[PDB]
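Q: This is the structure I have questions about; it appears just below.
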Amino acid sequence: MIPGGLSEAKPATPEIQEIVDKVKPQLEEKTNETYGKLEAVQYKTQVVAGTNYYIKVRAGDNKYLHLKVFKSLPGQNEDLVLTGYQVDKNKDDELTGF
C-alpha cells in the first residue's frame with residue numbers, strides 16, 4: 001500500500017518539527033502556507049539494529065521534505081546513518097496519513 005509512516009508514528013512532534021527548523025530553517029518558513037504545515041510532518045519508529053526512524057517532514061501543501069533518522073548500531077556500532085533525506089518544493093509531495 002502507501003502508508004506514510006502510519007501506525008508507529010505521530011503527527012509532527014515538537015521534536016521532529018524542531019529538526020525542520022534546524023537543517024530546514026528555510027523549508028520551515030518558506031512554504032509560508034496559511035496552515036500548520038511549516039514544520040515536521042511526522043516521525044515513525046522501527047528497530048533494525050540500532051533503531052530506524054522515518055522523519056517525514058512537512059513543508060506546507062505544495063512543499064514537502066523527508067528523512068530517515070537511523071542510529072546504526074547492528075552490534076558493531078559504527079556511527080549512525082540516514083537512508084532518508086529530502087528537501088521541499090515538490091519532492092516529498094505525498095499526501096499520506098490515516
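By order of appearance in the C-alpha cells: chains A, B, ..., then residues from 1 within every chain, and ligands from 1 in the order shown.
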Hey, what's within 9 Å of region 16-21 of chain A if we count only C-alpha atoms and toss same-chain stuff fewer than 2 positions away? As a CSV table (one decimal) with C-alpha atoms, in the first residue's frame, please?
A:
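Wrote it out as result-v3.csv, contents follow:
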```csv
chain,number,residue,atom,x,y,z
A,12,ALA,CA,5.0,16.3,13.6
A,13,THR,CA,6.2,16.3,17.2
A,14,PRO,CA,7.7,19.3,19.0
A,23,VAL,CA,18.5,21.7,8.9
A,24,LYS,CA,15.4,23.1,7.3
A,25,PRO,CA,15.4,26.7,8.5
A,26,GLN,CA,14.1,27.7,5.1
A,27,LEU,CA,11.8,24.8,4.2
A,28,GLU,CA,10.2,25.6,7.5
A,29,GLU,CA,9.3,29.3,6.8
A,38,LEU,CA,5.6,24.6,8.2
A,39,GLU,CA,7.5,22.0,10.2
A,40,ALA,CA,7.8,18.2,10.6
A,41,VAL,CA,5.1,16.1,9.1
A,42,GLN,CA,5.5,13.0,11.4
A,43,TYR,CA,8.1,10.5,12.6
A,55,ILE,CA,11.0,11.5,9.7
A,56,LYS,CA,8.6,12.6,7.0
A,57,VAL,CA,9.0,16.4,7.2
A,58,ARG,CA,6.1,18.8,6.3
A,59,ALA,CA,6.8,21.9,4.2
A,65,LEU,CA,10.6,17.1,2.8
```
Q: So that I can check the surroundings of residue 80 (chain A), please list as an MDAnalysis selection string every protein, DNA and RNA residue that reaches within 12 Å of it, counting only C-alpha atoms and ignoring chain neighbours fewer than 5 positions away.
A: chainID A and resid 49:53 68:74
Q: Okay, now the selection with N, CA, C and O atoms, as a PDB file, in the first residue's frame?
A:
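Generated file (result22.pdb):
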```pdb
ATOM      1  N   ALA A  49      18.429  -2.592  14.048  1.00  0.00           N
ATOM      2  CA  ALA A  49      19.738  -2.988  14.632  1.00  0.00           C
ATOM      3  C   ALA A  49      20.423  -1.689  15.046  1.00  0.00           C
ATOM      4  O   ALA A  49      21.559  -1.420  14.711  1.00  0.00           O
ATOM      5  N   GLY A  50      19.693  -0.869  15.743  1.00  0.00           N
ATOM      6  CA  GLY A  50      20.199   0.459  16.183  1.00  0.00           C
ATOM      7  C   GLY A  50      18.972   1.342  16.419  1.00  0.00           C
ATOM      8  O   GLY A  50      18.991   2.247  17.228  1.00  0.00           O
ATOM      9  N   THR A  51      17.906   1.036  15.705  1.00  0.00           N
ATOM     10  CA  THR A  51      16.602   1.762  15.819  1.00  0.00           C
ATOM     11  C   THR A  51      16.381   2.672  14.610  1.00  0.00           C
ATOM     12  O   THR A  51      16.816   3.808  14.584  1.00  0.00           O
ATOM     13  N   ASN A  52      15.695   2.185  13.610  1.00  0.00           N
ATOM     14  CA  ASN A  52      15.431   3.025  12.404  1.00  0.00           C
ATOM     15  C   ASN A  52      14.404   4.117  12.738  1.00  0.00           C
ATOM     16  O   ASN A  52      13.581   3.964  13.618  1.00  0.00           O
ATOM     17  N   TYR A  53      14.433   5.208  12.015  1.00  0.00           N
ATOM     18  CA  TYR A  53      13.445   6.305  12.254  1.00  0.00           C
ATOM     19  C   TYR A  53      13.022   6.885  10.903  1.00  0.00           C
ATOM     20  O   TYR A  53      13.830   7.072  10.014  1.00  0.00           O
ATOM     21  N   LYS A  68      15.100   9.962   7.132  1.00  0.00           N
ATOM     22  CA  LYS A  68      15.048   8.679   7.817  1.00  0.00           C
ATOM     23  C   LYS A  68      16.146   8.723   8.827  1.00  0.00           C
ATOM     24  O   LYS A  68      17.295   8.526   8.471  1.00  0.00           O
ATOM     25  N   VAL A  69      15.860   8.994  10.054  1.00  0.00           N
ATOM     26  CA  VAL A  69      16.975   9.038  11.002  1.00  0.00           C
ATOM     27  C   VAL A  69      17.266   7.614  11.463  1.00  0.00           C
ATOM     28  O   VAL A  69      16.370   6.868  11.798  1.00  0.00           O
ATOM     29  N   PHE A  70      18.498   7.207  11.452  1.00  0.00           N
ATOM     30  CA  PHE A  70      18.794   5.814  11.864  1.00  0.00           C
ATOM     31  C   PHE A  70      20.038   5.770  12.750  1.00  0.00           C
ATOM     32  O   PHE A  70      21.110   6.165  12.349  1.00  0.00           O
ATOM     33  N   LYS A  71      19.905   5.272  13.949  1.00  0.00           N
ATOM     34  CA  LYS A  71      21.087   5.185  14.849  1.00  0.00           C
ATOM     35  C   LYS A  71      21.777   3.848  14.593  1.00  0.00           C
ATOM     36  O   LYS A  71      21.751   2.951  15.410  1.00  0.00           O
ATOM     37  N   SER A  72      22.369   3.708  13.442  1.00  0.00           N
ATOM     38  CA  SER A  72      23.041   2.430  13.088  1.00  0.00           C
ATOM     39  C   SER A  72      23.829   1.885  14.278  1.00  0.00           C
ATOM     40  O   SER A  72      24.712   2.527  14.812  1.00  0.00           O
ATOM     41  N   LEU A  73      23.514   0.687  14.673  1.00  0.00           N
ATOM     42  CA  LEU A  73      24.223   0.041  15.805  1.00  0.00           C
ATOM     43  C   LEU A  73      23.881  -1.453  15.778  1.00  0.00           C
ATOM     44  O   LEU A  73      23.319  -1.979  16.715  1.00  0.00           O
ATOM     45  N   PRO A  74      24.208  -2.086  14.674  1.00  0.00           N
ATOM     46  CA  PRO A  74      23.929  -3.519  14.467  1.00  0.00           C
ATOM     47  C   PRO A  74      24.984  -4.390  15.160  1.00  0.00           C
ATOM     48  O   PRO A  74      25.513  -5.318  14.579  1.00  0.00           O
TER      49      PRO A  74
END
```
Q: Using DSSP secondary structure from the backbone, list all strand (DSSP E or B) positions within region 62-94 of chain A, as a PyMOL selection string.
A: chain A and resi 64+66-70+81-86
Q: A:31, A:45, A:96, A:90: which is nearest residue 2 (chain A), counting only C-alpha atoms?
A: A:96
Q: Would you mind reading off the distance between CA of residue 85 (chain A) and CA of residue 66 (chain A), one decimal, in Å?
A: 5.5 Å
Q: Could you pull out all residues of chain A with a DSSP call of helix (DSSP H, G or I) and give them as a list in words?
A: residues 16, 17, 18, 19, 20, 21 and 22 of chain A
Q: Output N, CA, C and O atoms of each residue in that selection to a file, as a short mmCIF file (atom, residue, chain, number, x, y, z; two decimals), in the first residue's frame.
A:
```
data_model
loop_
_atom_site.label_atom_id
_atom_site.label_comp_id
_atom_site.auth_asym_id
_atom_site.auth_seq_id
_atom_site.Cartn_x
_atom_site.Cartn_y
_atom_site.Cartn_z
N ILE A 16 10.63 16.46 16.29
CA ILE A 16 10.84 16.30 14.83
C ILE A 16 10.64 17.63 14.13
O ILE A 16 11.41 18.03 13.29
N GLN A 17 9.60 18.33 14.47
CA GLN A 17 9.35 19.64 13.82
C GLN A 17 10.52 20.58 14.11
O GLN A 17 10.88 21.41 13.30
N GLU A 18 11.15 20.43 15.25
CA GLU A 18 12.32 21.29 15.56
C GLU A 18 13.43 21.00 14.56
O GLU A 18 14.22 21.86 14.22
N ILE A 19 13.49 19.80 14.06
CA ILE A 19 14.53 19.45 13.05
C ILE A 19 14.23 20.25 11.78
O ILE A 19 15.12 20.70 11.08
N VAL A 20 12.97 20.42 11.50
CA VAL A 20 12.56 21.18 10.30
C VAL A 20 13.01 22.64 10.47
O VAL A 20 13.03 23.40 9.53
N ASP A 21 13.38 23.02 11.66
CA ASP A 21 13.84 24.42 11.89
C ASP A 21 15.37 24.44 11.97
O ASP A 21 15.99 25.48 11.85
N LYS A 22 15.99 23.31 12.18
CA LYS A 22 17.47 23.27 12.27
C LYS A 22 18.08 23.09 10.88
O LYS A 22 18.67 24.00 10.33
#
```
Q: To one decimal in Å, tell me the separation between CA of residue 35 (chain A) and CA of residue 1 (chain A).
A: 27.7 Å
